[PDB]
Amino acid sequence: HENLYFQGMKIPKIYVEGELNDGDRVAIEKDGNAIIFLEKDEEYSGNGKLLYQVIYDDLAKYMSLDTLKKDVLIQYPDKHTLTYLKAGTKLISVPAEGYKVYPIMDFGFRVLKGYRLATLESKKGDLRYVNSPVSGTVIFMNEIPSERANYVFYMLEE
């Protein structure tokens, strides 16, 4: 990854089910009733679902249409709060596409319908806005894989 668009930003940590990598992990136990954040390098011997930390990734990989195929967990920067979204959770995608795009470089926060997620600037310097289509929570944000510096927001309607 070359465009490190979250660098020097305090953002939440997001963990996706079965995305095997060397990131931090969280074990979802007891059919959703226990959450265990695993120590870096701790050997997990249990039988729950392991969710792995992703940062620069395409959330559409974990979605069939607009429903999540994999469990997702968000660990907020406060270091006290978490949100756990089971597979089957319906998410709204809000793309921010234009000549030049200025997105909010964050995710995991509440918004009202109409909140401005991005500003789109034309080759002539004129502006358009990408506003939240609903009130809810922005769950994640990523660069559109084939469109350098164009982004998409993933939202959970309230």
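Just count from 1 along the sequence shown to find any residue number.
- As recorded in the PDB entry, 32-40 is the stretch of 116-124 and 32-40 with the greater mean C-alpha temperature factor.
- Compared with the other modelled residues of the chain, the Cα B-factor recorded for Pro12 ranks in the middle third.
- Ranked within its chain, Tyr151 lands in the lowest third, by CA B factor from the PDB record.
- Among the modelled residues of the chain, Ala96 sits in the lowest third by CA temperature factor in this PDB entry.
- Looking at the C-alpha B-factors along this chain, the one for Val26 belongs to the middle third.
- Compared with the other modelled residues of the chain, the Cα B-factor recorded for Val138 ranks in the lowest third.
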